[PDB]
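Novice: Here it is, the structure, as structure tokens.
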Amino acid sequence: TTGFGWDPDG
Amino acid sequence: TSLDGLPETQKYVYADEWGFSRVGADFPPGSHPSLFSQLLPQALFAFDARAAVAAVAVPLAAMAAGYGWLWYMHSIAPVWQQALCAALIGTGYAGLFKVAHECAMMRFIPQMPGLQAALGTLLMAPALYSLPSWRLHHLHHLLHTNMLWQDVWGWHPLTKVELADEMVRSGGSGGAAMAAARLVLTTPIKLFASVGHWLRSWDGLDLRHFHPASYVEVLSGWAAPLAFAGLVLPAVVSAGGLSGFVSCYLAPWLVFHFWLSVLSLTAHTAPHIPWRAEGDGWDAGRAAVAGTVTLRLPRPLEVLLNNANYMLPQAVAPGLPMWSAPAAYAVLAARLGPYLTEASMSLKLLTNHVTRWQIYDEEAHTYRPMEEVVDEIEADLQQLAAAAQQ
Amino acid sequence: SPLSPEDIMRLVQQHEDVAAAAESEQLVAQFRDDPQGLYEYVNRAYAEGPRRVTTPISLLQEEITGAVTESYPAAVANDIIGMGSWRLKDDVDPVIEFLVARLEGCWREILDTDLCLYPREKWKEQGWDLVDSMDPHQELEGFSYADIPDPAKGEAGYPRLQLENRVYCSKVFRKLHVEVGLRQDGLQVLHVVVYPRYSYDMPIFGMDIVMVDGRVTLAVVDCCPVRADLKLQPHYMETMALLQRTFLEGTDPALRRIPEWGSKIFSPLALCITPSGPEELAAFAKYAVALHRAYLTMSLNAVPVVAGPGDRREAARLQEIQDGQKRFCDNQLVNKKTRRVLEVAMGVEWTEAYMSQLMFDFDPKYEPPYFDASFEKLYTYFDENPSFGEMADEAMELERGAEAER
Ligand SMILES: CC(C)CCC[C@@H](C)[C@H]1CC[C@H]2[C@@H]3CC=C4C[C@@H](OC(=O)CCC(=O)O)CC[C@]4(C)[C@H]3CC[C@]12C
């Protein structure tokens, strides 16, 4: 259910 | 541009030798014949009903007066009275045919496209002309104006190397082809050569020359002519006999074809106009404005033929209506005066078209008489034979 | 009152420059109204939601059993795929993951009617789609990244380097190339370059990221000219400036330094940065993403530069295009950082071949073909606008005249 990615919006 | 920049005195003596009212100035390459349309006022493209209805009903009244005069004395008239009525009816029909050629390019009444297409078809029918083949050929003319080996739907001139090729291919000037060419380009029947153009429409009656999505439109275009020559042409004969046919149909036909042929031939032929093949020095604006001629008429003939001689005001502006073709010319001379070319009605001009300007040579880039050219290429045959005896 | 042979040439120049300005304005008019949507398209697609497919078969299936069929816009689709089936994922940094996913999704969504894959005998048969330094002769069939463990310090093969490439062709573009490389010491790179076909007059697109232990040490993005004058078209410069105002606001302008090898390729608006913190990196990321998307949407309407026989202007223009593309090509391989990265591990005899055939190869006589698959647009269309066969119409008039009895 978590992201673990990276986005420029935190 | 063939006899370009040099003192205006010799170009004026040339214009007087040829009957020309003017000879053009120099034109530089890289232009578009649509450029100079930016000069005309925004009211020269206006629409109005009265001028158009006059342009359609005046030559109609001319033709009707001629017929009524004839049917009043159907066949008891002498020869020159018959010739007068034939000329009058043919001139009225040339006017109606220019109205047709207007609605073919969609610039007569753009408000009603269907009504104007129907009008163009109806008015082209009596002359045995299909509207869409005419439109295709005229656009194909505009695109290749004065280009060598490319504009065959205008007055493509006969050149020198090809005539030598045919000279060798026939084994002398005694075959049928050479005699036919001579007799057609030497006697006043040249003034009727437009008849041959009428036989080059109906492109073999072959839909394989066109785009498939157009078939149903092209065939209907060949229908209105055929139907005419299938329904009306019999009736006339049935009610008039052979002579009664050579009177009420064939003579106005030859009149209209004379008018057409001479209009075109004098509009785009002259000795100061070269015929270049593209790649070897062609240009759109140059071969459009510099290689053209405009002819002068009496205002009676100009209101009859419906401005049938103003071909440049509508070559710089393809969407320019017909009742504005003189006025627009009024503007153009104000700007491109030195480059324009002009001429008038004169039997001397026609006689020089018949006897002097007959064969185009690309070396001198001008027109020469046919008997001198034929004797001289016979002399070049003597030359190549002298180079061939050993 | 009349005119001279010199002002008519002035008139043709007036007209043609006016027309050029008109088309250049038309290009930017679309971006001008809302630039923030050049990056924010994915969030909007997510916001609008799933769409319910309504084809006759879908409706029939839905009314027979229960099943509702759903679709998604291509942006949401390329966000579910992600760095989809790259073989070297799971060792790639999350920033490089974000960038690769975004770039390839843009290529897939914008050029999806002509995007071929580059001819396979050029790169994928020699085995240059996945390169390992511990197995340069490929005797493990291309599973070396799994069969071989990492060498320890001081062992033969330290530090280990592995590369993964992907190359596509298209209609406008003769090579769209993305490449990711990892070294064992902690260095990761990303190198993207988009080349237009020689017959087109557009600038080249290029991007490089180089990061060390999760810290970006170099990030450069450039829409690089192809003319000898090193000035872009008005729409290219206008777009780069508008985007720098939109996304790079509040950022150090003195950071976009020109490297010694930069001004020879760099458009005056090219970007070269060594980011400091999260704000600089997030701004640069949004900006590079929007710039790439804009470049592609602009190519969407490009027309070839054709040299008709009789026109020398266009022949000179095409020659200039060739000179610019080749200048960039042999000027990029002297970015000797990545090239020495490659040559310290793979040697030089292999590196010369790999670089000269794939990396920045130039062959004016060779541009690959493409596969024009636009007719599919018809089929899909006629699946939401079907016509039924002349017998359903009687029945439908029956149904309409029957239910309207009430
Ligand atoms: C008889 C008169 C009073 C009524 C009107 C008749 C026209 C409709 C006829 C007479 C001459 C005919 C033309 C005579 C010659 C030809 C060529 C012929 O096609 C070919 O010869 C094919 C090409 C080739 O053989 O090389 C058929 C079409 C066409 C234009 C004909 C089309 C129909 C035309 C114009």
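Here's how to read the names in the structure tokens: chain A, B, ... by the order shown, residue numbers from 1 in each chain, ligand numbers from 1 in the order shown.
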Any residue with an atom at most 8 Å from ligand 1 counts, using only C-alpha atoms and all ligand atoms. Which are they? Put them as number ranges by chain.
Specialist: B: 128, 198-205, 225-226, 229-230, 233
Novice: Show me, as JSON lines, the residues of chain C having an atom within 8 Å of chain A, each with the closest atom pair and its distance in Å, using only C-alpha atoms.
Specialist:
{"residue": "C:94", "atom": "CA", "partner": "A:6", "partner_atom": "CA", "distance": 5.5}
{"residue": "C:95", "atom": "CA", "partner": "A:6", "partner_atom": "CA", "distance": 6.3}
{"residue": "C:98", "atom": "CA", "partner": "A:6", "partner_atom": "CA", "distance": 6.7}
{"residue": "C:281", "atom": "CA", "partner": "A:8", "partner_atom": "CA", "distance": 7.7}
{"residue": "C:282", "atom": "CA", "partner": "A:8", "partner_atom": "CA", "distance": 4.5}
{"residue": "C:283", "atom": "CA", "partner": "A:8", "partner_atom": "CA", "distance": 7.5}
{"residue": "C:285", "atom": "CA", "partner": "A:8", "partner_atom": "CA", "distance": 7.0}
{"residue": "C:286", "atom": "CA", "partner": "A:8", "partner_atom": "CA", "distance": 7.2}
Novice: Can you build me a table of chain C residues sitting at most 12 Å from chain B, with the closest atom pair per residue and its distance in Å to one decimal, using only C-alpha atoms, sorted by chain and residue number, as a tab-separated table?
Specialist:
residue	atom	partner	partner_atom	distance
C:1	CA	B:335	CA	6.4
C:2	CA	B:335	CA	4.3
C:3	CA	B:335	CA	6.1
C:4	CA	B:336	CA	9.0
C:5	CA	B:28	CA	6.2
C:6	CA	B:28	CA	8.5
C:7	CA	B:28	CA	10.6
C:8	CA	B:31	CA	7.9
C:9	CA	B:31	CA	7.6
C:10	CA	B:31	CA	10.5
C:11	CA	B:35	CA	8.1
C:12	CA	B:31	CA	6.5
C:13	CA	B:31	CA	9.9
C:14	CA	B:35	CA	10.7
C:15	CA	B:35	CA	8.5
C:16	CA	B:31	CA	10.8
C:308	CA	B:279	CA	9.9
C:309	CA	B:279	CA	7.0
C:310	CA	B:279	CA	5.4
C:311	CA	B:279	CA	9.1
C:312	CA	B:279	CA	11.5
C:313	CA	B:30	CA	11.9
Novice: As an exercise, work out the distance from atom CA of residue 190 of chain C to atom CA of residue 213 of chain C in Å and give it to one decimal place.
Specialist: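 These atoms are spaced 14.4 Å apart.
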Novice: Excluding residue 359 of chain C and its own-chain neighbours fewer than 3 positions away, which residues fall within 10 Å of it when counting only C-alpha atoms? Please give them as a list in words.
Specialist: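 In the requested format, the answer is residues 165, 177, 179, 193, 329, 332, 333, 339, 351, 352, 353, 354, 355, 356 and 362 of chain C.
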Novice: Please, could you write that set of residues out with C-alpha atoms as a PDB file, in the first residue's frame?
Specialist:
ATOM      1  CA  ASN C 165      20.106   0.333 -23.764  1.00  0.00           C
ATOM      2  CA  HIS C 177      18.006   6.246 -27.493  1.00  0.00           C
ATOM      3  CA  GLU C 179      20.629   4.116 -21.746  1.00  0.00           C
ATOM      4  CA  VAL C 193      19.281  11.654 -26.814  1.00  0.00           C
ATOM      5  CA  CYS C 329      27.627  13.661 -32.990  1.00  0.00           C
ATOM      6  CA  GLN C 332      29.268  14.326 -27.831  1.00  0.00           C
ATOM      7  CA  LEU C 333      31.696  11.397 -27.756  1.00  0.00           C
ATOM      8  CA  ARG C 339      33.498   7.173 -22.366  1.00  0.00           C
ATOM      9  CA  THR C 351      34.419   0.491 -26.828  1.00  0.00           C
ATOM     10  CA  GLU C 352      35.405   1.861 -30.238  1.00  0.00           C
ATOM     11  CA  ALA C 353      32.977  -0.514 -31.947  1.00  0.00           C
ATOM     12  CA  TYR C 354      30.086  -0.060 -29.515  1.00  0.00           C
ATOM     13  CA  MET C 355      30.396   3.737 -29.522  1.00  0.00           C
ATOM     14  CA  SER C 356      30.942   4.198 -33.260  1.00  0.00           C
ATOM     15  CA  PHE C 362      26.442   9.159 -37.864  1.00  0.00           C
TER      16      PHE C 362
END
Novice: So that I can see what lies close to residue 142 of chain C, please list as a list in words the residues with an atom at most 9 Å from it, counting only C-alpha atoms and leaving out residues fewer than 3 positions away in the same chain.
Specialist: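 Here the qualifying residues turn out to be residues 127, 130, 131, 132, 135, 138, 139 and 145 of chain C.
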Novice: Quick one, how far is atom CA of residue 67 of chain C from atom CA of residue 45 of chain C?
Specialist: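 Between these atoms lies a distance of 23.4 Å.
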